[PDB]
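In: Next one to model:
(9 chains)
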Amino acid sequence: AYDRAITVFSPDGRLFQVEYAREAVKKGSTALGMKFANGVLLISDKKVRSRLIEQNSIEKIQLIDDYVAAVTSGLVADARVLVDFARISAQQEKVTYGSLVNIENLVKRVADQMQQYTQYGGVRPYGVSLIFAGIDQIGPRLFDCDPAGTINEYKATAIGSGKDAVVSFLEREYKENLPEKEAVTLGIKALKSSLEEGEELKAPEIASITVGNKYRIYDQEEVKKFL
Amino acid sequence: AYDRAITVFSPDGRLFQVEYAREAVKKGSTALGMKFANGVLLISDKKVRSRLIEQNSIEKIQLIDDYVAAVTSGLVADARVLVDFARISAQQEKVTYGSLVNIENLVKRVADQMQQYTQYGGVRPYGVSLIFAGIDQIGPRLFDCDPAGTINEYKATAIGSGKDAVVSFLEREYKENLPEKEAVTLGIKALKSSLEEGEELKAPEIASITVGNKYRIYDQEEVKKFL
Amino acid sequence: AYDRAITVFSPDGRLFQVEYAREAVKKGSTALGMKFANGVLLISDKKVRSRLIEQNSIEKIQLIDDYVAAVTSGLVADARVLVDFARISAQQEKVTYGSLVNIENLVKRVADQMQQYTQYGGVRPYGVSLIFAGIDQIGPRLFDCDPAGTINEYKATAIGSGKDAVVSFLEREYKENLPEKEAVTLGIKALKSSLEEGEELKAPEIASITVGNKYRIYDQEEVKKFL
Amino acid sequence: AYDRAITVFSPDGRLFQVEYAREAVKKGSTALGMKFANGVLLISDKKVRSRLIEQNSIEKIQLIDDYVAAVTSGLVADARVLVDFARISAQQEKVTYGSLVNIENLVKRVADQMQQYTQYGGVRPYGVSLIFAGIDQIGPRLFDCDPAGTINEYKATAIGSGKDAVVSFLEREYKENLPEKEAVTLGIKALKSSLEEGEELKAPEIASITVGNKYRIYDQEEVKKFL
Amino acid sequence: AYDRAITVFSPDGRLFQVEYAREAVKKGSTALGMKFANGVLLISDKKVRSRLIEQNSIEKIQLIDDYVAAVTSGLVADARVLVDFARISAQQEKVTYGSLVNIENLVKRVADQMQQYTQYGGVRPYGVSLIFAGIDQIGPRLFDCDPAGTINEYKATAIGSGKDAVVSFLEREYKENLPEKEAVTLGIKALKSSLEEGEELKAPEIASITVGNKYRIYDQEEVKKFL
Amino acid sequence: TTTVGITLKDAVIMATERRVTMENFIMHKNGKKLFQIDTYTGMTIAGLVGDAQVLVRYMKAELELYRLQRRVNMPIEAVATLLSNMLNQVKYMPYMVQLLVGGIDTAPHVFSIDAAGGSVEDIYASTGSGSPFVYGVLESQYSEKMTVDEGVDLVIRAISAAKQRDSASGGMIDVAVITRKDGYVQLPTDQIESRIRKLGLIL
Amino acid sequence: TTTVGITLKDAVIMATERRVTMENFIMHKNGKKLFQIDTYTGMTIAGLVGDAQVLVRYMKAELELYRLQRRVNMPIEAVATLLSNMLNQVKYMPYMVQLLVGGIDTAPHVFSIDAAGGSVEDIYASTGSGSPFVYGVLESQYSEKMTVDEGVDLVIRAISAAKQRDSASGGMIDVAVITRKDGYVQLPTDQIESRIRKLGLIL
Amino acid sequence: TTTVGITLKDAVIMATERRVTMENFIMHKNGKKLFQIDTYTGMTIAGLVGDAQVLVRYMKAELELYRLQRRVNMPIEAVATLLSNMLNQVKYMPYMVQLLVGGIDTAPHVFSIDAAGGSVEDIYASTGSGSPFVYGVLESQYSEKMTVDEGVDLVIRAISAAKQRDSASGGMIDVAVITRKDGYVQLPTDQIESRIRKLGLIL
Amino acid sequence: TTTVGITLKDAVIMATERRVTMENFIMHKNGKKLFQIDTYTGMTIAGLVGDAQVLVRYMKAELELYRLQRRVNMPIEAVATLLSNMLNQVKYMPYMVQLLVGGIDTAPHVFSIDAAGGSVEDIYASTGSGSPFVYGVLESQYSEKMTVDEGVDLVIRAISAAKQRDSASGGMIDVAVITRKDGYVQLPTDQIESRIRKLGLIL
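Out: Residues are numbered from 1 along each chain as shown, chains lettered A, B, ... in the order given. Take a look:
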């Protein structure tokens, strides 16, 4: 009915095509991000499909530069095209202005790219949500972006399948300005609260930055210390 | 039937697609605007989705410059694209003419952008209404704009879910040339008359300007003084 | 059937889509225009939706310049886009030729713009009729233009909901070369003959021009003198 | 079936969309044209919709230049767009060649414009037939052109509702090289033979041209002399 | 099913839309062409719709230059557009090369124009077959071209309604290198063998050329000598 | 070349020489530089020949299309504004021409247009190579209280002075008087020779 | 050519000469260089004629469209900014003109715009060939405590000095005073001749 | 090079030399500069060779397409107007050529077209390097009361004078007479040598 | 023209002259060359007037749009990088201007940009015609241990030296001090005249 085209509103004024693209997000792995004292971090689960897969390859935390990073969930091909568009947009802003002063417009350019395909006929939306985390001249920023293009800045969030659970636990447990070790411990406990027990958390990716420093990926052993 | 394309009139000459886009406006938060003595104000409710949301972030009152401001209701992604188009259009008029002398043509450029997508196939309308408020060289102006593109200048209005309530209370209670404190008190009472009792008004946003001054956002405590 | 596309003739050779756009015209307010001795006038009813509406704002008589004016009926967003296209076209003719010698080609450019969208797929027609009135070097001209693009020059006409009734009253009562006061009195009586009795005529707009003069809007008190 | 698109042949190889556009011609007023001794004439009936219409306005005989004239039947908005295209095309040929040597290629350019829209998707045909009449360096020419684009040169013809009747009477009564008064008398009798008796012919338009002269519109009294 | 679009093959790999455009050809008048001793001729029947039609006008044999000629059958508006495209293409080849050395590439350019519209969506094919006849530097050439674009060079052929009958009689009676009078007599007998007896052949058009000469239309009396 | 246009009481007289060169080398002893551009207005040519004939074709076409679409003639201010916009839309591939368009609508006018499209009114004007001579004699003898006959005599005396004192002008003078009553009427060459032999300018 | 514009207490006076050349060869003894551009502001012309008349047509059109869309007049800063952006969007196929636009909105203004589009305010300005002379006399005699009559007398004395000491200027001076009360009023030629004969500048 | 075209009573005679250079260095002692452009009209060439042959190909094509679409020949005013619009649509990558097109429709004509596209009628015309010589002899000997034989004798005397007194012209003269009765007929070289030996111009 | 910008301890002082010429012929005794470009940074102009005013309009627009979209001011390195990319995207239809943008974000800065878009920092800079004079006095007297009052006295002494020893500069000096505490404050002309009369530079 009001259902099989991006350019058709419902009688209640809804785009079911966009909300179906939002349903595509819920099939991805759970990732989270949170602000802490002078910094911000990202944590991400991974499907380990087999033992023949490379570990040290396609990773759910992607750097956008040395001062913006991002995690994705949804269709992985769309997500890779999005992260590469975000990287090109960041480098264009660096050519034009010498530096990236607000992450929010990098998020806005990515989200306007995503909104543009919820409107014109002959394209489909992007079935991906993203979380951006980084330092700019305002401070630590943390965003999410969704198939509609809606931008939200948060203290902490998730995306993916266990998102609701990870939100609800943070809806009981998150505090501002934690030290970094405590913030990661809270994040790992949050990610464990989304699993269905019996099932156990294999080694997740964690990135983080503090103000005045550059980027920092935990290697797997530093992650093992918190499991 | 006459129903699933923007380019098809009904046998009564209606575009149901546009009115369905107007039904998207009714799902947003209630905002209002009103003129007072030498000035104009905007008040807006907010959905506070969770406690993990940032307060000091994406806000329902948006500045278009230092001498035009706006509130939106409807699809938030479309609304953000609209506010950014309005900002770029205002800055283009400032490059061309040195100043913004009438807000009405900024509203007209935004509304022609909205009307253009109620006509051409392969695009959908914008499911957003806007209220513009500001000072120009004519005086205090206050507008609304809708998914059809229809422009109206008012003394006072609302948009959003509780619009029909907030208009009706103003249809009993609005007077011209109130002092600013009385006008804001009338607006807060108007916004409370749209709630379903038991449910109480959390902290809303209020902006306002008087002639010869610049912009002025109330912080939260100055808002608390009227609750 | 032959029904849901602008580019499809019926087996009798009709475009039902265009005639549905003509049915859109009948939902607007009634306006009329008539020629009198060395001049021409326009009269227009208005929906006053509430008491919170601005009176001194969006008006049904619009100036196209100092020597062409126009009233509209139908979709108001389409009608505003049309009046602005007419203004830009009049100013283009003034840049090219120094003056506007025949109003008829301004009407022809607007009507060709309207006819162009009764033909190409992917656009809808304009659901608006217009009446143009003014002085040119031929004399007083008075036109109407419709969603098909059909141009007709008249002694007197109406557009809108009560159109037929008004036309029928002029079909009994109109005479050429009346003085301006008698012509406006005939027009007000014509507009009253389209109402359903009990319902009474609130303050309408009236504009008029005589040869060798410029434009002239009656203010509300001068209109009250004829009610 | 084979029915609702211009770009689809029937199993017999017919375009029903084109013939439906030809059915639009039959709802127009009857006009005729005929050759006589060193000249050619056009006669046209008119719908007089009301007494409030201007007589001295939109006329069924239109001049294409001081040596080509034309009458139309069908969709009147399309017909006016066609007559204006024919005028622009004649003036382009006069720019290029200094004069119009053959009317036939003016007719061919109009007919190719009409044929181009019986082929490409997303446009509809032109629901108008035209008769061209004039003097060129070959002699008096007389044509018709139809929604398909088919050109025919004749001694005498009609278009419109009574076309068949006006053809059939000429199929008994037309002779070459009549003097002009006899030819117009034959044409008025032909136009009267298409009416349904009781209904009487009000004042029609007649134009005529002879070799070495420009056009000559009969005024209404010179027409009254033949009624 | 596999039926209502030009771009859709059948499960047997047929284009029914093209073959329907070929069924359009069978509703036209019968024309034939044949080679004879150092020359080639064309003969064509005509519908004489009424006695009011001009004889000396739109003719079924059309010259493409002084050294290529053609006859058509099918949609007459399409056929006229085709003959004019063939004339422009012949003149382009004469600009480029100084002369027309092979008629076959003129036929190829026309047939590629016809093939191009049996492939792209949004256009229909040309419902016309053509026969080209002339002298080039190879000798006398004689072709047909169909809505599919298929080119065939022949000794003798027909197109139109009676085509099969005219082919079958030539399938019994045609010899090479006849003198011209005998070849025309054979063609007239062939054209009479396609009629349904009782119905008699009114005056047809015949053109012909011999090597080293130019073009030569029979007038009507020279045709009457063979009836 | 030389042109002349005079506005007087209810008429406007425009006349040219007829000698076209196109080289140094006078080549055509009978050209055409006075064009009727519409049933009540005419145009004179004083520039490069080909560009100006293209201009005359375009203005005939546009004014005829105008009269057809509006059932009234174009005003003289409108045709000069149109001609100025045409010449000024392209001035870096420019037309090297000096146009002079005269005519009557409700009052007589003669407007001058340079190569850059500066339309300007004057009660008498002249363009071309032998133009300052006719400006001299029209400065010395012209009065606005003239009739049509005194006007056309003044015009023939002017162009005769320009033919006597300039190389580029010459040939048989042709004159057209445009008035509201009789419309646009170009004088036959017999009356022109009659006025030349009467005024004592023949040699 | 010469133009002059003076801002005084609540008024602005703009006047020009009327002599257009278009050659060396002064050709039109009565041109038009003072244009009303809107009901409370005017514009003066001191450059190439055709380009400047195109500019006047465009600015009349844009300001009339503005007043129609907004139901209020355009400010003077806005019209000079618009005119500067117009001249500076194309400067490599440039307009060779010196524009001077004056008018009153809530305070009188007269702005000068060069060929490159440098809008700049001044309390009195002048453009054209005979411009340094009127800058001399306006440097020596102008006071901002003048009335309208002393102002228009100063303006006529200025343009009379420029007509006396310059070849390119000349012809009959035309003056228009634009004030907020009576609007834009152009003085008739009888009052201008009266002030010329009164001030002892007639010869 | 040299061309000549003469309109007389009911005929038009056009003749050229045949010597093409293409360098200083005369290179082709037998070229072709006289082209039949349609069954009743012809065209002569006096410019750059390649551009002019492109022009001849285009005009043959356009006039043949015209005769096919309209079943009648093109008038001479129409072909000169067409040729002028063609040369004047591109004049900044211009054709350096001087065209001369003659022919008969209901009255004989010969029109001259310069490189800028200035079409102009004359009763006799000539183009090319050795053109002023044939203008001299056609100014001295031509009368419009001639027959066809006196006309073609005048033409051969003209081109013989141009061959005697000019370097760029030369070679065997070719002449074509176009009349309404017999159409376009180009004289064979035997009759041309006969007229050369008869008129006492052979050396 | 002359500009000057000085970075000292927690402030930046930028001042210009006000005399615009636009000809040789100094024309405007009170221009405007010191522009506030954002609530904590300003820009000075030392080139062609029209191009530079277009630059000021564009930079006001872009920085206001920036502050609106990001709720924070733009850094000075970012605005100079933006301005350099703007001037260097078009340098073959170039802007002939010398820009100097100063301001404070967390530390004061004043950056110089040439016509080719070479942004470079310096603790004091100057542009314009009378620029080497103020570079001389700022080389001789400037110390980075100054206050705001000693700084603005140094600036007025500098521009007074440039007004004394240069033709292109002149007019009334205008100065604006931008600091983080009080923001961007332009000194009124009364305090400027007070410092001129105090420092013994008035004549």
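
In: Now do the helices in chain F.
Out: Assigned by DSSP state H, the helices in chain F fall at F:49-70, F:76-89, F:131-141, F:148-164, F:189-198.

In: wait, chain A
Out: A:16-25, A:76-97, A:103-116, A:163-173, A:180-192, A:220-224.

In: give the contact list for the residue nearest to residue F:186 when sequence neighbours are not counted.
Out: Distance criterion Cβ to Cβ, 6 or more residues apart in numbering or on different chains; nearest residue to residue F:186, sequence neighbours excluded, is residue F:176 at 3.9 Å. C-beta: built from backbone N, CA, C; applies to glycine. By Cβ atoms under 8 Å, 6 or more residues apart in numbering or on different chains, residue F:176 lies in contact with F:13, F:14, F:15, F:34, F:36, F:42, F:184, F:185, F:186, F:187.

In: Any of these buried? List them.
Out: Neighbour counting by 16 or more other Cβ atoms under 10 Å in any protein chain shown classes F:13, F:14, F:15, F:34, F:36, F:42, F:184, F:186, F:187 among the contacts of residue F:176 as buried.

In: Please list all residues in contact with the residue of chain F positioned farthest from its centre.
Out: For chain F, the largest distance from the centre (Cα atoms, centre = their mean) belongs to residue F:69, which lies 26.7 Å off. With contacts defined as Cβ under 8 Å, 6+ apart, residue F:69 is in contact with C:102, C:104, C:105, C:108, D:84, D:87.

In: swap the cut-off to 7 Å and go again
Out: C:105, D:87 (Cβ atoms under 7 Å, 6 or more residues apart in numbering or on different chains).

In: Roughly how far does it sit from residue C:143?
Out: Separation of residue F:69 from residue C:143 (Cβ to Cβ, to the nearest Å): 15 Å.

In: Then residue F:125?
Out: Where residue C:143 is concerned, residue F:125 sits at a distance of 39 Å (Cβ to Cβ).

In: Which residue does chain F have closest to chain D?
Out: Per Cβ to the nearest Cβ, residue F:61 is where chain F lies closest to chain D, at 4.2 Å.

In: Can you give me the neighbour number for the spatially closest residue to that residue that is not a sequence neighbour?
Out: Distances taken as Cβ to Cβ, 6+ apart place residue D:91 nearest to residue F:61, at 4.2 Å, with adjacent residues excluded. Using other Cβ atoms under 10 Å in any protein chain shown, residue D:91 has 23 other residues around it.

In: Could you do residue F:201 as well?
Out: 17.

In: repeat for residue A:63
Out: Residue A:63 has 17 nearby residues by other Cβ under 10 Å.

In: what sits against it?
Out: A:69, A:215 are the contacts of residue A:63 under Cβ under 7 Å, 6+ apart.

In: For it, name its beta-bridge partners.
Out: Residue A:63 forms beta bridges with residue A:69, as assigned by DSSP bridges.

In: do you know how far it is from chain B?
Out: 24 Å (Cβ to the nearest Cβ, to the nearest Å).

In: And for residue A:87?
Out: 22 Å.

In: Pick out the residue of chain F closest to chain C.
Out: For chain F, Cβ to the nearest Cβ, closest residue to chain C: residue F:81, 3.7 Å.

In: show me the residues around the spatially most central residue of chain A that make contact.
Out: With distances taken as Cα atoms, centre = their mean, the residue of chain A nearest its centroid is residue A:131 (2.4 Å). Applying Cβ under 7 Å, 6+ apart to residue A:131 gives the contacts A:31, A:33, A:42, A:70, A:71, A:143, A:144, A:157, A:159.

In: again, but for residue A:142
Out: Here residue A:142 is in contact with A:33, A:35, A:40, A:133, A:153, A:154 (Cβ under 7 Å, 6+ apart).

In: Count the neighbours of the second one for me.
Out: Residue neighbour count, defined by other Cβ under 10 Å, stands at 23 for residue A:35.

In: Could you measure from it over to chain C?
Out: On the measure of Cβ to the nearest Cβ, residue A:35 and chain C end up 44 Å apart.
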